[PDB]
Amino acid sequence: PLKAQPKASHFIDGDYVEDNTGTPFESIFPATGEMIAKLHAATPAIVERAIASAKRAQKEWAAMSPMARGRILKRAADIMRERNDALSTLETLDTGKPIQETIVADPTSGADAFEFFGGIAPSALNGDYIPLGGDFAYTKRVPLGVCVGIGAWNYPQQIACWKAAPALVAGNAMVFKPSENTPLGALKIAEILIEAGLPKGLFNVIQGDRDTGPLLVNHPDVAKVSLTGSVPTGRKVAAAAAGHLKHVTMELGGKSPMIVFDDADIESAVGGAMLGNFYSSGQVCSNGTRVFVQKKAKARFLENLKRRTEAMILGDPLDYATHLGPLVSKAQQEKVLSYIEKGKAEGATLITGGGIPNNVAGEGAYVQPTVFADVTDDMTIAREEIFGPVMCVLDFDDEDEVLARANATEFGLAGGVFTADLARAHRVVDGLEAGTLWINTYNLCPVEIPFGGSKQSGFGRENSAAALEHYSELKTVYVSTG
């Protein structure tokens, strides 16, 4: 009688659907190692069924007005709000992330995308009338067809909604495959959508295998792939999809730089770093941020950070007082502690953290929130991206120096700057090679603004009206008048 057993592994054509011949896997609650659900990865028949059901549904959806489609999405967001407590608790069970975070940042933000896209479509989906001096043309923003979304394990509900909302509003159908790690929230989204009046088949969810992603991505009836994941998955998925001439968009992560100048609001800069590395998860902070502090602020910065970091309550993520939950496995705890020692060995200064805590216990696998300072570029810790509560603080003296250093990365997801100086703020943001920058704050992704990266962090944007360019294409109709 498992804690979060869904009715079946998949949700296809308006109801729960099982195939118990698919690779079995379990959803595990990190804190207790308790098994909360037993699932099966899609079989090939489950894949063909999800895509065929999407393809069949889609044409009627595309013929409806934007406003009509928009209304269903708005009703879904409303239901999601009614259900925020259960959806967020389910997210905490599935991810291990603190409820206090989950209840404001995860499903709510997913609801925000359904609500935003549902409201802007009746204007943002308009094309052009183009006068040509006798003749004229018009352009229509038409859906691509059947889209595939591949999710990752960081804020899984938010990821599913951010892909589903612009895809559906634009007139597409979507088959969505959540991460094997976090299979449960996407099914609720699918169920909610039907209760909101979305026709069956328009948003189908199937669990996955190592085999599942490649069957969806190479399928002849799929027009478009959207992926959130790691670079090596992204490269493989982008080559396969493009090789079939499918549209592709992805967000691939990458530690981003946060730069704090002498004249920063210190307490503000500290909250930003803490968000980016500790309480921090979700799309941008999943993997950590590199914090650069200017010399004359180093000392106020470390001391406010030490104090606050040590105030953090570690514990059961289902409890509202917890700031930081345990890690996914003991193997993670290991990995994070060698990393720590690798840093102590390198010569970086330990500000706070470094060990297994007491007393929080039990039964989770915890690491104290930990700070390294006097970190330098060459250091193994600075170089290797990690999942865990560890902050690397690098010193710098000059603006040109840090820009150079901050930019010398493969990735270009995000970055921010703390300065009180007008000129400096806009300059540093202009010089940073990243998709999304913050001035005097960090990690805020309101659905009104575009989200995505540069360079090896992938392409395309989620949120804002701009997301729709990825889920539609222009059809042009030239009208001979004579």
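The first residue of the shown sequence is 1; numbering continues from there.
Notebook entry, point to check: Can you tell me which stretch has the higher mean Cα B-factor, 20-28 or 466-474?
Noted result: Result: 20-28.
Item checked: Higher-scoring stretch by recorded Cα B factor average, 165-173 or 278-286 -> The entry gives the higher C-alpha B-factor average to 278-286.
Check: Which listed residue, 109, 212, 352, 102, has the largest C-alpha temperature factor in the record?
Finding: The C-alpha B-factor peaks, among 109, 212, 352, 102, at 352.
Checklist line | C-alpha B-factor winner, where the candidates are 94, 82, 395, 115 | finding: That would be 395, according to the entry.
Notebook entry, point to check: In terms of the CA temperature factor given in the entry, to which third of its chain does residue 364 belong: lowest, middle or highest?
Noted result: Within its chain, residue 364 is a highest-third residue by C-alpha B-factor, going by the deposited values.
Check: With respect to C-alpha B-factor, does residue 72 fall in the lowest, middle or highest third of the chain as deposited?
Finding: For residue 72, whose C-alpha B-factor we compare with every modelled residue in the chain, the answer is the lowest third.
Item checked: Position of residue 128 among the chain's modelled residues by C-alpha B-factor, lowest, middle or highest third -> Lowest third - that is where residue 128 ends up once the chain's C-alpha B-factors are sorted.
Notebook entry, point to check: According to the PDB entry, is the CA B factor of residue 235 in the bottom, middle or top third of its chain, that is, lowest, middle or highest?
Noted result: Middle third - that is where residue 235 ends up once the chain's C-alpha B-factors are sorted.
Next item on the list: Divide the modelled residues of the chain into thirds by Cα B-factor and specify which third, lowest, middle or highest, holds residue 435.
Entry: Middle third of the chain for residue 435's C-alpha B-factor.
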